[PDB]
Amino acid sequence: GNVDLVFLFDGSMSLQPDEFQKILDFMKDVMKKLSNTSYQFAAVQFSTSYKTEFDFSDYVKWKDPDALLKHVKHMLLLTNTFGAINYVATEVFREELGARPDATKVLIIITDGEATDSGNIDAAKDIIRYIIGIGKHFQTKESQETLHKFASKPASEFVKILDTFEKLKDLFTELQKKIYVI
């Protein structure tokens, strides 16, 4: 039961330095909690374009979330979520980059705005997809609904709407209550 998990994180211009860091901290928190397990990780920043900040092979080598994310540079551009999810599916979940054949694939998408592009995420549909939408851009129910298409079903399970970046701590608290030895 191997799990290959990718964090796909928003690096758009809307994000303040502390908000961007809170996103990184949440990613680190999850990885640290799941150290020395069947989980292996990759992280991809997305804005207008995409950057694999570290891949699965990097994670195996270092096993240190602080070191792996120490040299991330905030892109400060747009929010091309469709393109980003497609990039993960076709350019990140790859054996060449340390992905394990037949592993359970998981995506955690973290964003603070509506997608600035369009299309489909068919290429990523076999990945278990969570999306975390954070902050004032997701005030309306309408804006929150736009995230449903990116996530696995039902949205009640896979879509998390947080009013503040501080709430990432509370989300991590909740997530950990779902951790079991099987």
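The numbering used is simple: start at 1 and walk along the sequence shown.
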Open item on the list: Test of understanding: from the entry's C-alpha B-factors, which stretch has the higher mean, 72 to 80 or 108 to 116?
Closed with: 72 to 80
Open item on the list: Quick check: 161 to 169 versus 5 to 13, which has the larger average CA B-factor in the record?
Closed with: 161 to 169
Task: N36, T48, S152, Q139, ranked by C-alpha B-factor: the highest one - done: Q139
Open item on the list: In terms of recorded Cα temperature factor, pick the maximum from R129, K32, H148, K61.
Closed with: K61
- [ ] Quick one: classify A67 as lowest, middle or highest third of the chain based on its Cα B-factor.
- [x] highest
Task: Chain-wide C-alpha B factor ranking for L97, given as lowest, middle or highest third - done: highest
